[PDB]
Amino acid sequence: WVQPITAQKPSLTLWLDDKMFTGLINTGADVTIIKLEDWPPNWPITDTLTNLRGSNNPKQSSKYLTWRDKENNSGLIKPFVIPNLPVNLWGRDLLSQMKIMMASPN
């Protein structure tokens, strides 16, 4: 698949375990973030002593989540779960497993 970068939000829709999520492609971030409002209440989260330069000691998924795209590619991520975010943010942890590259005509 191909997605030009424009003024519009670059987005991907995929599954984490059994649930569909939509998020912003976020090359700027090492790690994936799910906004607390999209986080399934029954899925366990845990404190971390990680710090995110961009929210200190954020929550993270207790378990690894199986990501799956619409072509049935899959892998594991363990996202951070952050309160008061407008959008999910797909980081380079996920993007790299989907073998996504950036290219210019030139």
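Position 1 is the first residue in the sequence shown; the rest follow in order.
The modelled chain is continuous from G28 to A29, since every residue of the deposited sequence in that stretch has coordinates. With 70-78 and 36-44 compared on mean CA B-factor from the PDB entry, the stretch scoring higher is 36-44. When the two stretches 16-24 and 94-102 are set side by side, the higher mean Cα temperature factor goes to 94-102. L89: CA B factor lies in the lowest third for its chain, per the PDB record. Ranked by Cα temperature factor within the chain, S55 sits in the highest third according to the deposited record.
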